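Number of protein chains: 2
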Amino acid sequence: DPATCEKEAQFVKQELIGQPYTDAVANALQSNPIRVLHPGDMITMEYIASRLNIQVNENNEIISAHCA
Amino acid sequence: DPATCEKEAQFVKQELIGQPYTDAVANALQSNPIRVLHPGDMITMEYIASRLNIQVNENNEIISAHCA
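Going down the list, the sequences are from chains B and A. Quick note: the first sequence uses the deposited numbering, first residue 1, plus one each step. Quick note: the second sequence uses the deposited numbering, first residue 1, plus one each step.
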């Protein structure tokens, strides 16, 4: 659901920056699906408005989120 | 800078969805850098808070935007 994903991306970007992406975090998220993006991942550009992307750095710290 | 990026990504998500990404639209954006994401593009993920991504469909119609 694009509506929930956008809300959740906003929340991640506001409240979770710098924290480890954990099973607690994934379970607190109602978006589906969820994809974790890492530095150097090579992916094909698709567009799933309901998909929450959580961007992390090399140490699994959350740095951003967006829906696609 | 990230401030202008997030503002413009918001303007785009809010006002330009479905519109062709024309030179007139592109030239009006002040973000730097700006990257256009086309369907099926293979992208190596590296997060850059200042970069405005304009995602278009196969007809160059805007479907989304995010900073990364």
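Just so it is clear, CB atoms sit at the ideal spot from N, CA and C, and this is done for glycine as well.
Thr-44 (chain B) sits in a strand when the DSSP states are folded into three classes. For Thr-44 (chain B), the chain A residues whose Cβ falls inside 9 Å of its Cβ are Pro-39, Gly-40, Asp-41, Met-42, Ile-43, in order along the chain. Residue range 52-56 is occupied by the beta strand (DSSP E) that includes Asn-53 (chain B).
8 Å or more divides the Cβ of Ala-68 (chain B) from the Cβ of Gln-55 (chain B). Counted as a single uninterrupted DSSP element, the stretch harbouring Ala-65 (chain A) is not any alpha helix (DSSP H) but the beta strand (DSSP E) occupying residues 62-67. Apart from sequence neighbours up to five positions away, the residues of its chain that approach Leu-52 (chain A) with a beta-carbon distance below 7 Å are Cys-5, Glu-8, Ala-9, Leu-29, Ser-31, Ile-34, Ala-65, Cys-67, ordered along the chain. Setting aside the 5 residues that flank it on each side, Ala-26 (chain B) is surrounded in the same chain by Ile-34, each with a C-beta closer than 7 Å to its C-beta; the list follows chain order.
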